[PDB]
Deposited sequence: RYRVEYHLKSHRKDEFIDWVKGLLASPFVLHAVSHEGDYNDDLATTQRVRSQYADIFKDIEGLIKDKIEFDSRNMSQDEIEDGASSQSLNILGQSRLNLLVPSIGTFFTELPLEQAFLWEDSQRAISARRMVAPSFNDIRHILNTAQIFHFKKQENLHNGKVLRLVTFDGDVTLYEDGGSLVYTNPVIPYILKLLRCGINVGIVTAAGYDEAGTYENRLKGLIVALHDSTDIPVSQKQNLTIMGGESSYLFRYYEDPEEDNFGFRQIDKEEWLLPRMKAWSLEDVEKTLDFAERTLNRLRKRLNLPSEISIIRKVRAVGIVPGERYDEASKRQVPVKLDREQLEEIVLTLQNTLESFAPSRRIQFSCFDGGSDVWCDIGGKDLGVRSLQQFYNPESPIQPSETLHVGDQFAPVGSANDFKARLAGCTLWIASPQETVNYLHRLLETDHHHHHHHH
């Protein structure tokens, strides 16, 4: 009833839009008995009601952009007063056009029983972002950086992104400190890249892997001098953000030491199978599946929550920044985070003119309680796409890259 365990463990903006859309739906749309005559009329009016609302939100976003532009780098944006937990909008969003296009496909205005869904709005928001970047191309601030979530139909589109002179970064929560591992699982991307004759080697090496959220950076290399292809680790000094440089190594190791100890305690208390392994690396410590032998989500969630709470009461850990991740059957504790990794890549690709958030798009699937490495953090560093299927990713990439 009243959950006493509620605070021990949703996108408000989207639910907000859903509420605004539901009011005309229940009043005008819910007119089920109707196809005898007035359902063209009902659909038409309902479509207009929805379109108007999205157009109103368009202006609210643009007002927020302007307010945030001048007053940031204490007032509040209108939209921020309406939606307190809303994230920054680095780009304009043609919501009305996006809706009308999606309504063409899925006939949302033509429904009388099923209100505009969370997925409906999510698709509109994603379509709007893509539409924005395509608009700049036929003029603006075009898309310079696309990032993906590591922790196949997508592989070709990655290659063409690179050919179109767009930097591609793969952000993973994996704490592996050796290139070799990433070469072993990103095999297909590496060899298909390598084996492709079209791409100049310059564009070929614009592919990067930001491991440990923002702990390790690897870049693609092609040395057919040796016919050696794969990923080369980049020295910290080139890609490390200034604030991260200030972190003491002692606090880093102390943080990782305390984390690894906490993991082992959790292991014993939870009496986890011995096939479950705790892996410690240079900038990361994590727990991994075994043999077949996996971990329950409650166990994964217990681990992340325990790690976050303990470390947040650990002084070395607060003098730095850390992230936790429990997406798959693995829980990773890494130094840094999603936002830091994306912004590091922005500076890395062009130090003289760092890639702006307005020119950055993070196609991510970790908009969930996957930990502090959630893709909501990525909204701090740039524009994002919210994908729920690999096909969704391909669809979005296809329309983006369509001439």
Could you list, start to end, the deposited-sequence stretches with no C-alpha atoms? 10-12, 77-91, 158-159, 172-184, 325-334, 447-455
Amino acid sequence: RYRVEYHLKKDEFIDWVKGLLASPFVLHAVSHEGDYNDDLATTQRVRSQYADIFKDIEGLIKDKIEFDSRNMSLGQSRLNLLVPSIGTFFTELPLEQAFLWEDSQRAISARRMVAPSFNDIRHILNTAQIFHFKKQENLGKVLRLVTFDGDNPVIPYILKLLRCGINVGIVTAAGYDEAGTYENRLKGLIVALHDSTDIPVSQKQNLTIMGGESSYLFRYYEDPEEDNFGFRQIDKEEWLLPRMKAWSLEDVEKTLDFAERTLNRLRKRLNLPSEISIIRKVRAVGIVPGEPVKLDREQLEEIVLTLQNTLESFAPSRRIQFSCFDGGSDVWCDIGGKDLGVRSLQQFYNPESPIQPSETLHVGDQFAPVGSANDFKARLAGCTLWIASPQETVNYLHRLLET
From here on, numbers count along this sequence of modelled residues.
On mean C-alpha B-factor from the PDB entry, just flag whether 200-208 or 168-176 is the higher one. 200-208
So which stretch wins on mean C-alpha B-factor, 94-102 or 182-190? 182-190
Top Cα B factor in the deposited entry, candidates 260, 213, 298, 227: 227
Identity of residue with top Cα B-factor, from 47, 70, 343, 362: 70
Assigned third (lowest, middle, highest) for the C-alpha B factor of residue 353: highest
Sorting the chain's modelled residues by C-alpha B-factor, tell me whether residue 87 ends up in the lowest, middle or highest third. lowest
Ranking every modelled residue in this chain by its Cα temperature factor as given in the entry, which third contains residue 294? highest
Going by what the PDB entry lists, where does residue 389 fall on CA B-factor within its chain: lowest, middle or highest third? middle
Against its chain's modelled residues, does residue 28's Cα B factor rank lowest, middle or highest third? lowest
